[PDB]
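Have a look at the structure below, then the notes.
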Amino acid sequence: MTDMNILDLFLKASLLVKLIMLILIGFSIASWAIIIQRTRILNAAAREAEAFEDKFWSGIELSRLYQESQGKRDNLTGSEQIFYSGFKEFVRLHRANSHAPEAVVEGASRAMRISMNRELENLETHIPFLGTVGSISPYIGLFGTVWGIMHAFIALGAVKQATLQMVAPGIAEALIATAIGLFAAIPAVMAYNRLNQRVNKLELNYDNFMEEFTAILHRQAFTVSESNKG
Amino acid sequence: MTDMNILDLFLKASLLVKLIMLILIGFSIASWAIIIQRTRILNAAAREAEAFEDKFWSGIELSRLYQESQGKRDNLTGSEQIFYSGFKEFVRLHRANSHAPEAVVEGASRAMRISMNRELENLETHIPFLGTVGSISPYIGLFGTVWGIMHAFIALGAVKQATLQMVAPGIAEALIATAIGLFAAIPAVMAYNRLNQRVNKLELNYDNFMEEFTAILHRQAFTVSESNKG
Amino acid sequence: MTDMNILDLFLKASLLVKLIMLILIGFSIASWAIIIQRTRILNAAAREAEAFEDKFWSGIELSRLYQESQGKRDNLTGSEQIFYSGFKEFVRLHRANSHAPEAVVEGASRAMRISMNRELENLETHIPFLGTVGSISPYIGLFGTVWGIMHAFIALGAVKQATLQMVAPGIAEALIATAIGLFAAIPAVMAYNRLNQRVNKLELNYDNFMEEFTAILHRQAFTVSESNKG
Amino acid sequence: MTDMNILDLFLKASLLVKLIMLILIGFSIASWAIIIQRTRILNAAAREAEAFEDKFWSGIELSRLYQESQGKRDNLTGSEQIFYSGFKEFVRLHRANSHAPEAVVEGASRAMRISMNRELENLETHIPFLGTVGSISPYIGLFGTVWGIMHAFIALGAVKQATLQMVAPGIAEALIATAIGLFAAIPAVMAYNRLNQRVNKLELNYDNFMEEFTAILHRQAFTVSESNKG
Amino acid sequence: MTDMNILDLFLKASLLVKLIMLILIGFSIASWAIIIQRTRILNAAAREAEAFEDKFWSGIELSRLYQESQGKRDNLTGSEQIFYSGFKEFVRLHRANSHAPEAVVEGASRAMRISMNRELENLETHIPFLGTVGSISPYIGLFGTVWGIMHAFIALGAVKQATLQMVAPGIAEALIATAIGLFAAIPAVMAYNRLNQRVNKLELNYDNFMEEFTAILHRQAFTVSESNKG
Amino acid sequence: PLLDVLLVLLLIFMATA
Amino acid sequence: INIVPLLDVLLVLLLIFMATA
């Protein structure tokens, strides 16, 4: 019995076939890599945002907190960056329009929304690649199968005596193409849904915190406004 | 008549394919057990939430109900857990910082959010795995089927006189893989949608409770604070 | 010439294949039944809700309207049912906490949310079955089709000599199976989307009503409180 | 020689197959009709909205424009109808309950949104019909193709030895349903999506008109009410 | 030996078949050129938008950056175009409508939104082409492939001793159209996704900058108007 | 897809014997 | 409706179907 390992069919495969196969292989490799690195990123972000909110809710001085965060402004992440941006813009706005706590509050809110959306993009990098990959790869398995059966027909039509042997390589090509497509797809679908869920969770967290800090800052601006007139 | 029955084919299954089959069977059993355990948890939680809702809406005194919850505080769950967390936080902050009713209210809302999300982690647990199964399983079955079928099919084309026997048993077996995969997927997906539905129901119930309790706590803070100043 | 009857194919079907075809038949039938019943109920509810919304926004007196509804209360639904319950809660909170128009209004709105969620459930009934069936059936059909195919190759490998004639019945049956699954699936899915859309429409309308009644109740409570004092 | 006319199959198609072709072609005609009619309607709606915006933002006072609109109030669509309804309701609410300009704004805004909802309903009429037909027709064709499939199989079942002579009529007969289904499907989805896009454009435009006009009405109400108390 | 190469059978495609193949080739060329041009356009627009935002958020004077944008007004896109138009409309309405800084800035912001809509429409141009072409060209190729193969098997139907070589050539000549269509569709879908993602990135760019500039312009108008009444 | 292999089944059915 | 896993099989079917000769 021939040691009919898949490597043999690949090596005997036609040029376009091998190109397609390697395209799929690269997609799969990059897919796993993206999933891994992004997952680590999101875990770190989740832990740090959680801890940051926990400490912030502890009732510590807001100004002291901003001092400490400014201590490493070079390395703010998620909740910390949002707090720094909101509080700094609050400082400036109150110095300008303490008379309009609503206006100052809305300005700080815009600032925090900007910081948040920037952070969210920073997090979401390459997820859409996963979405596209899970969208396309089976179509690739298809077209590969199609080219395989095409060469199969070319071979079968050129022999005086019809024999199923001539099409065997073509359909073997189809099979290998489709297998690689499936293999690339599985992680795509799995991790894509997982990651979208996690990032939406974080987005909820940040939005909630944003609203909370918003009310807190509206209150604080009003308090400082009333105190200044004492 | 060869006893070419499915069990034995599985017994003599090829290396990689049999490995895949065992993987899928484990997926199936794990889906089964996850469904069972989580179903138990969710049923009991629905029951306990039901009773707690009914007892709370009864107009019963808040302090009395809190004391009764406290008596088993070590084993609180669901709306009971949320109520304990929020109410204890409220009392502590009221006794420390009664002067800022808004602040105490906000802290209480924070606490109820915290406990509630903890509860949702406890409940939702492992469901995303059910989703992951109902998502991947078909493709795994495809993949194993394809690999083995390729082996047999191309084993055919290496003999001068293509003969059906060298393949048909092999492919008959290989298809068993996709069969099993889909067999696991079906109950998986059914249970997935069911459980997620129930979970959303729970979520809405809890959120409505959180809001009503929030209103009550706001009212109590304001009423007591203004009464003590009369 | 003999009429080409699927019956000869049926009675040759294996245990499992016939049973699965029956599953599909039943699921399809119940799909149709649910589609019809739910569709009629939803349409009529929407029309009655429109009529009641226009009647309320007709400038009709709130108390007059409530007496009129209370006359036939045993048959309230949707907008009018929520109006009845919410008006009841507004009445009782105003009687107990006229001194707190805002708090009274909040308890009013909560009674409204209670009734609304009740109606959303009452109306949604069985729809998730629609989504489940639509989303699950194709896999069922593929499973049966694969099973038939497996038994076909069982018939084929157990014969030394190959031929097309021995296998056609199994192929025909299995393909019929896939077809049946798809037949059942498509209606379910289409209906699921459509119905959920119309349900969301109703839900939006109801929430709009709740908030509008809430604010009108705010004005009503404040006005009743103040004019009776001056 | 005999010309290889395509109808050579249609005439020999089995009665079921001709039935499937007839139903699918009827849905094709309906697709074309609703597509074309909605196309003309949306083009005209866009042009009328352009026309009304051009004069509304030309600086003309809204009282004279309102009287012009009243001249044909029987005949209002889109931005113009929103304009007239808002004008009328705003005037009546401001004259009736001037004490609450916010109430004037709210009631008028809900009236404007009502008119916009009705106009959107007008634009969307039967569009979902196009979407559903495009999604579904290939499956109606599936039914007939499947019946032809089974007819062909029973056709080959007549001869002891299978061969490539017998059922080709049955095969090309079966496929007619599929082809007619795709014929029904292509334009239906094409136009469904295209008119979806155009209607999104129109809905956005009407919403923006609602926003600016609602703000204009709010400013008019507030300024008039404040001045009345000078 | 006859040179039955891919190009050979393509050229020897039957009239309908050759025409379908040519249509697919045209779609391919169009999608390729559109993709490259729009991709470089997106790169250029993103480069310009990011550079202009970096310049704006450096503290540059509104009047100075404003007339600087006036200098290349005829070659402004995206964020730079939106800012230039926004400050122009704001200034113009303010001079005409200084009495209503709010009304001025809201009119200018809506004009900015209108410019954003126009530029986004410019961006999406040729993109729906790509999406729907990728969707449908599979249909165009496959339909014809299907019919050709039907006729081929009708022809080989007359043969007493069936041999695939009487149909393998026709089957391949048919399948060529399917293969080319799908090969051209793959990149269509990939580019559609990638460029649409870029498009949404730019759209968010523009909405966020519009909101920032509108708030800043509200502040500017308020300050100038209040100083004007000193 | 559903439609696409309606043929393939019919075809390779028609051509196998 | 997920469709990917559907017919990627059937092609496979007709390969043994071919093996029948």
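Labels for the structure tokens follow display order: chains A, B, ..., residues from 1 in each chain, ligands from 1.
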Counting only C-alpha atoms, which residues in chain G sit no more than 10 Å from chain A? For each one, give the nearest pair of atoms and the distance in Å, sorted by chain then residue number, as JSON lines.
```
{"residue": "G:4", "atom": "CA", "partner": "A:138", "partner_atom": "CA", "distance": 7.1}
{"residue": "G:5", "atom": "CA", "partner": "A:138", "partner_atom": "CA", "distance": 9.3}
{"residue": "G:8", "atom": "CA", "partner": "A:178", "partner_atom": "CA", "distance": 8.1}
{"residue": "G:11", "atom": "CA", "partner": "A:171", "partner_atom": "CA", "distance": 9.3}
{"residue": "G:12", "atom": "CA", "partner": "A:175", "partner_atom": "CA", "distance": 8.6}
{"residue": "G:15", "atom": "CA", "partner": "A:171", "partner_atom": "CA", "distance": 8.2}
{"residue": "G:18", "atom": "CA", "partner": "A:164", "partner_atom": "CA", "distance": 7.3}
{"residue": "G:19", "atom": "CA", "partner": "A:164", "partner_atom": "CA", "distance": 7.7}
{"residue": "G:21", "atom": "CA", "partner": "A:164", "partner_atom": "CA", "distance": 8.2}
```
Keeping only C-alpha atoms, write the selected residues to a file as a PDB file, in the first residue's frame.
```pdb
ATOM      1  CA  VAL G   4     -21.924  25.926   5.031  1.00  0.00           C
ATOM      2  CA  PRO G   5     -21.947  22.321   6.297  1.00  0.00           C
ATOM      3  CA  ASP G   8     -19.737  20.060   0.971  1.00  0.00           C
ATOM      4  CA  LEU G  11     -20.026  16.123  -3.720  1.00  0.00           C
ATOM      5  CA  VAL G  12     -18.356  13.610  -1.449  1.00  0.00           C
ATOM      6  CA  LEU G  15     -17.264  10.266  -5.398  1.00  0.00           C
ATOM      7  CA  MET G  18     -18.390   7.039  -8.965  1.00  0.00           C
ATOM      8  CA  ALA G  19     -16.517   4.321  -7.075  1.00  0.00           C
ATOM      9  CA  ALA G  21     -18.078   1.642 -11.277  1.00  0.00           C
TER      10      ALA G  21
END
```
Using only C-alpha atoms, find which residues of chain F lie within 9 Å of chain G and jot them down as a PyMOL selection string.
chain F and resi 1-2+4-5+8-9+12-13+15-17
Which one of E:177, E:224, E:172, E:7 sits closest to chain A if you count only C-alpha atoms?
E:172
For a quick test of understanding: name the residues of chain C lying within 10 Å of chain D when counting only C-alpha atoms, and present them as a ChimeraX atom specification.
/C:1-6,8-9,57,163-166,168-169,171-173,175-176,179-180,182-183,186-187,190-191,194,208,212,215-216,219
Can you write out the residues you just picked, keeping N, CA, C and O atoms, as a compact mmCIF listing (two decimals), in the first residue's frame?
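File written: selection.txt
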```txt
# COMPACT_ATOMS: atom_id res chain seq x y z
N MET C 1 -47.20 2.00 -17.82
CA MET C 1 -46.56 3.13 -17.09
C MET C 1 -47.15 3.25 -15.68
O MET C 1 -48.37 3.23 -15.50
N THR C 2 -46.27 3.38 -14.69
CA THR C 2 -46.67 3.46 -13.29
C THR C 2 -46.34 4.85 -12.76
O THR C 2 -45.22 5.35 -12.95
N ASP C 3 -47.31 5.47 -12.09
CA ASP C 3 -47.09 6.78 -11.50
C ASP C 3 -45.92 6.72 -10.53
O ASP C 3 -45.83 5.81 -9.70
N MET C 4 -45.03 7.70 -10.63
CA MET C 4 -43.80 7.71 -9.84
C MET C 4 -44.12 8.17 -8.43
O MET C 4 -44.17 9.37 -8.15
N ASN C 5 -44.34 7.21 -7.54
CA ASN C 5 -44.84 7.48 -6.19
C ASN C 5 -43.69 7.42 -5.19
O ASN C 5 -42.87 6.50 -5.22
N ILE C 6 -43.64 8.42 -4.31
CA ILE C 6 -42.63 8.46 -3.26
C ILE C 6 -42.85 7.36 -2.23
O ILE C 6 -41.98 7.11 -1.39
N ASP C 8 -43.10 4.00 -2.47
CA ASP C 8 -42.12 2.92 -2.57
C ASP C 8 -40.82 3.30 -1.88
O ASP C 8 -40.15 2.46 -1.27
N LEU C 9 -40.44 4.58 -1.99
CA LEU C 9 -39.24 5.05 -1.32
C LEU C 9 -39.44 5.08 0.20
O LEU C 9 -38.53 4.73 0.96
N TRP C 57 -55.22 59.93 22.98
CA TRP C 57 -54.72 61.19 22.45
C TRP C 57 -55.82 62.03 21.83
O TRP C 57 -55.53 63.11 21.31
N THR C 163 -21.74 -1.32 -8.64
CA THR C 163 -22.76 -0.94 -9.60
C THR C 163 -23.55 0.23 -9.03
O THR C 163 -23.71 0.36 -7.82
N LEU C 164 -24.04 1.07 -9.94
CA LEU C 164 -24.89 2.19 -9.56
C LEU C 164 -26.25 1.72 -9.05
O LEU C 164 -26.84 2.38 -8.18
N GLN C 165 -26.76 0.61 -9.57
CA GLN C 165 -28.16 0.25 -9.35
C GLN C 165 -28.44 -0.03 -7.87
O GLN C 165 -29.54 0.28 -7.38
N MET C 166 -27.48 -0.60 -7.15
CA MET C 166 -27.71 -1.00 -5.77
C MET C 166 -27.81 0.17 -4.80
O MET C 166 -28.24 -0.02 -3.66
N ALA C 168 -28.93 3.66 -5.68
CA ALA C 168 -29.84 4.77 -5.97
C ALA C 168 -30.91 4.96 -4.91
O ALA C 168 -31.18 6.11 -4.54
N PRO C 169 -31.56 3.91 -4.40
CA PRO C 169 -32.64 4.14 -3.42
C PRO C 169 -32.19 4.93 -2.21
O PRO C 169 -32.88 5.87 -1.79
N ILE C 171 -29.70 7.03 -1.88
CA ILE C 171 -29.45 8.42 -2.26
C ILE C 171 -30.77 9.17 -2.37
O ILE C 171 -30.93 10.26 -1.81
N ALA C 172 -31.72 8.59 -3.10
CA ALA C 172 -33.00 9.26 -3.28
C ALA C 172 -33.61 9.60 -1.93
O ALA C 172 -34.03 10.73 -1.69
N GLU C 173 -33.64 8.61 -1.04
CA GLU C 173 -34.28 8.81 0.26
C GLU C 173 -33.59 9.91 1.05
O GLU C 173 -34.23 10.83 1.55
N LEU C 175 -31.69 12.36 0.09
CA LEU C 175 -31.87 13.68 -0.48
C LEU C 175 -33.27 14.19 -0.22
O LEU C 175 -33.47 15.37 0.08
N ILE C 176 -34.26 13.31 -0.34
CA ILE C 176 -35.60 13.69 0.06
C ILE C 176 -35.57 14.23 1.47
O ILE C 176 -36.27 15.20 1.81
N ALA C 179 -34.26 17.69 1.70
CA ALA C 179 -35.27 18.57 1.15
C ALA C 179 -36.35 18.84 2.17
O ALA C 179 -36.78 19.99 2.34
N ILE C 180 -36.83 17.79 2.84
CA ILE C 180 -37.90 17.97 3.80
C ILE C 180 -37.45 18.91 4.89
O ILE C 180 -38.19 19.81 5.32
N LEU C 182 -35.31 21.30 4.77
CA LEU C 182 -35.31 22.67 4.29
C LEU C 182 -36.72 23.22 4.16
O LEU C 182 -36.98 24.38 4.50
N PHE C 183 -37.64 22.39 3.65
CA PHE C 183 -39.04 22.81 3.54
C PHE C 183 -39.56 23.27 4.88
O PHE C 183 -40.19 24.33 4.99
N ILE C 186 -37.50 26.86 6.16
CA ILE C 186 -37.62 28.20 5.60
C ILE C 186 -38.82 28.94 6.17
O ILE C 186 -38.66 30.11 6.60
N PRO C 187 -40.02 28.37 6.22
CA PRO C 187 -41.15 29.12 6.78
C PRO C 187 -40.90 29.57 8.19
O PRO C 187 -41.22 30.71 8.56
N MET C 190 -38.45 32.67 8.25
CA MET C 190 -39.10 33.87 7.74
C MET C 190 -40.08 34.42 8.76
O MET C 190 -40.06 35.61 9.11
N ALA C 191 -40.94 33.54 9.29
CA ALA C 191 -41.93 33.97 10.25
C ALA C 191 -41.27 34.53 11.50
O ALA C 191 -41.74 35.51 12.07
N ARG C 194 -40.15 38.10 10.80
CA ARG C 194 -41.27 39.02 10.64
C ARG C 194 -41.93 39.30 11.98
O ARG C 194 -42.09 40.46 12.38
N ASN C 208 -43.28 53.96 24.45
CA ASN C 208 -43.63 55.35 24.19
C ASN C 208 -44.86 55.72 24.99
O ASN C 208 -44.90 56.78 25.62
N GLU C 212 -45.15 58.54 27.88
CA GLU C 212 -46.08 59.64 27.66
C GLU C 212 -47.11 59.71 28.77
O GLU C 212 -47.39 60.80 29.30
N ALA C 215 -45.32 61.09 31.91
CA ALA C 215 -45.16 62.54 31.96
C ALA C 215 -46.49 63.25 32.14
O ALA C 215 -46.59 64.24 32.88
N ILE C 216 -47.53 62.77 31.45
CA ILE C 216 -48.86 63.32 31.66
C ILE C 216 -49.26 63.14 33.11
O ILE C 216 -49.91 64.00 33.71
N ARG C 219 -47.52 65.81 35.19
CA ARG C 219 -48.27 67.06 35.15
C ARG C 219 -49.55 66.95 35.96
O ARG C 219 -49.90 67.86 36.73
```
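Picture a line from CA of residue 82 in chain D to CA of residue 116 in chain D; it runs 6.5 Å.
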With DSSP run on the backbone, what are the alpha helix (DSSP H) residues within chain G? I'd like them as an NGL selection string.
:G and (10-19)
Gap from CA of residue 126 in chain A to CA of residue 119 in chain E - Å, one decimal:
25.9 Å
